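One structure is given below, encoded as structure tokens.
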Amino acid sequence: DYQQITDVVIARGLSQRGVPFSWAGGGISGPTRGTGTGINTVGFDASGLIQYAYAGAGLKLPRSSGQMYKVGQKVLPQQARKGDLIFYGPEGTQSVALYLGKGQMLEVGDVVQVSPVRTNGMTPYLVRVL
């Protein structure tokens, strides 16, 4: 069911903790070399990590956080549930992160990491994928 598939997606994302940030790096099958500053770093950008996680549900999310945000069903902050996507920037064009429950999210800083939910520039809706 949806809860078990969400658990698979979360476990997939979490398994990548410690993988480096790489500009334009990664995707549905795992981290890859990026472009620009990421050209010699096998890793993930924010979109890449989220694509990777959700490939556990057989889905191919859009590559850009902005298009992920546009296409996805919106839920309100007070309804946040593990597996929901948190966005940053206007219309979510800056970045995306995976809500884990309990006020934590999975994101890519300088490496893939769990963090408290960042508030600065948070987009007003979350997306519920499943």
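Each chain of the structure tokens is named A, B, ... in the order shown, its residues numbered from 1; ligands are numbered from 1 in display order.
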Please run DSSP on the backbone and report, as a count of residues only, all residues within chain A that come out as helix (DSSP H, G or I). 41
If we count only C-alpha atoms, what is near range 115-121 of chain A at a cut-off of 6 Å, once residues fewer than 3 positions away on the same chain are taken out, given as a PyMOL selection string? chain A and resi 88-89+103-105
Prev. selection, N, CA, C and O atoms, output as a compact mmCIF listing (two decimals), in the first residue's frame:
```txt
# COMPACT_ATOMS: atom_id res chain seq x y z
N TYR A 88 11.69 25.04 -1.91
CA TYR A 88 12.29 26.34 -1.66
C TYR A 88 12.27 27.17 -2.92
O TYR A 88 12.36 26.62 -4.04
N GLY A 89 12.11 28.48 -2.76
CA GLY A 89 12.03 29.40 -3.89
C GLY A 89 10.62 29.71 -4.34
O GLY A 89 9.66 29.06 -3.96
N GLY A 103 9.59 16.91 12.30
CA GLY A 103 10.30 18.14 12.10
C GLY A 103 11.64 18.01 11.37
O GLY A 103 12.42 18.94 11.38
N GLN A 104 11.89 16.86 10.74
CA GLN A 104 13.17 16.65 10.02
C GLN A 104 12.93 16.45 8.55
O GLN A 104 11.87 15.97 8.13
N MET A 105 13.93 16.82 7.77
CA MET A 105 13.89 16.55 6.33
C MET A 105 15.22 15.99 5.82
O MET A 105 16.25 16.18 6.44
```
Write out as number ranges by chain all residues of range 40-111 of chain A that DSSP puts in strand (DSSP E or B) for this structure's backbone. A: 42-44, 73-75, 85-88, 95-101, 104-108, 111
Hey, what's within 6 Å of residue 93 in chain A if we count only C-alpha atoms and toss same-chain stuff fewer than 3 positions away? As a VMD selection string, please? chain A and resid 65 to 66 89 to 90
For each of A:42, A:19, A:9, A:126, take the minimum atom-to-atom distance to residue 71 in chain A, counting only C-alpha atoms, then give the residue where this is smallest.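 Going through A:42, A:19, A:9, A:126 one by one, the smallest distance to residue 71 in chain A is for A:126.
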Please identify all polymer residues within 10 Å of residue 47 in chain A, counting only C-alpha atoms, omitting same-chain residues fewer than 3 positions from it, and present them as a list in words.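 The filter keeps residues 24, 25, 26, 27, 28, 44, 50, 51, 52, 53, 61, 62, 63, 64, 65, 66, 68, 94, 95, 96, 97, 107 and 108 of chain A.
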Next, write the just-selected residues to a file, as a CSV table (one decimal), in the first residue's frame, keeping C-alpha atoms as the atom set.
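File produced: part.csv:
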```csv
chain,number,residue,atom,x,y,z
A,24,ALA,CA,23.3,18.8,-11.7
A,25,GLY,CA,24.4,15.4,-10.3
A,26,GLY,CA,22.5,12.2,-9.9
A,27,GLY,CA,19.1,10.8,-10.8
A,28,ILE,CA,16.8,7.8,-10.7
A,44,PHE,CA,23.5,14.5,-6.1
A,50,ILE,CA,14.5,13.3,-4.7
A,51,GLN,CA,14.3,11.6,-8.1
A,52,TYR,CA,16.3,8.7,-6.7
A,53,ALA,CA,14.1,8.3,-3.7
A,61,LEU,CA,9.7,12.9,-11.2
A,62,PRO,CA,10.5,15.9,-13.3
A,63,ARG,CA,14.2,16.9,-13.1
A,64,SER,CA,13.6,20.4,-11.9
A,65,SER,CA,12.2,21.3,-8.5
A,66,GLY,CA,10.0,23.9,-10.2
A,68,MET,CA,8.0,18.8,-9.5
A,94,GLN,CA,15.1,26.8,-6.0
A,95,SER,CA,15.3,23.4,-4.3
A,96,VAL,CA,13.4,20.4,-2.9
A,97,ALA,CA,13.7,18.2,0.2
A,107,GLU,CA,18.2,17.3,1.8
A,108,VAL,CA,21.6,17.8,0.1
```
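Residues in contact with residue 109 in chain A at up to 9 Å, not including ones fewer than 5 positions away on its chain and judged by only C-alpha atoms, are residues 20, 21, 45 and 46 of chain A.
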Contact residues around residue 81 in chain A with only C-alpha atoms at 12 Å, ignoring same-chain residues under 5 positions, as an mmCIF file with C-alpha atoms, in the first residue's frame:
```
data_model
loop_
_atom_site.group_PDB
_atom_site.id
_atom_site.type_symbol
_atom_site.label_atom_id
_atom_site.label_comp_id
_atom_site.auth_asym_id
_atom_site.auth_seq_id
_atom_site.Cartn_x
_atom_site.Cartn_y
_atom_site.Cartn_z
ATOM 1 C CA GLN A 3 2.396 3.690 3.457
ATOM 2 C CA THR A 6 6.468 5.640 1.120
ATOM 3 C CA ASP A 7 8.664 3.705 3.559
ATOM 4 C CA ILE A 10 12.278 7.165 2.532
ATOM 5 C CA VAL A 75 -0.996 20.011 0.844
ATOM 6 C CA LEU A 76 -0.724 22.582 3.595
ATOM 7 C CA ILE A 86 9.180 20.559 0.873
ATOM 8 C CA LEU A 98 11.962 15.154 1.585
ATOM 9 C CA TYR A 99 9.940 15.540 4.801
ATOM 10 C CA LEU A 100 10.722 12.699 7.223
ATOM 11 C CA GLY A 101 8.227 13.473 9.974
ATOM 12 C CA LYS A 102 9.136 14.804 13.421
ATOM 13 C CA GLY A 103 10.304 18.140 12.096
ATOM 14 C CA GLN A 104 13.166 16.653 10.022
ATOM 15 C CA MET A 105 13.894 16.554 6.334
ATOM 16 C CA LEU A 126 4.190 20.849 0.236
ATOM 17 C CA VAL A 127 3.588 18.215 -2.408
ATOM 18 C CA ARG A 128 2.088 14.847 -1.541
ATOM 19 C CA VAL A 129 3.252 12.297 -4.135
ATOM 20 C CA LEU A 130 1.549 9.190 -2.768
#
```
Please, what distance in Å, to one decimal, runs between CA of residue 124 in chain A and CA of residue 13 in chain A? 23.1 Å
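Checking A:125, A:111, A:35, A:49 one by one against residue 72 in chain A, counting only C-alpha atoms, you find the shortest gap at A:125.
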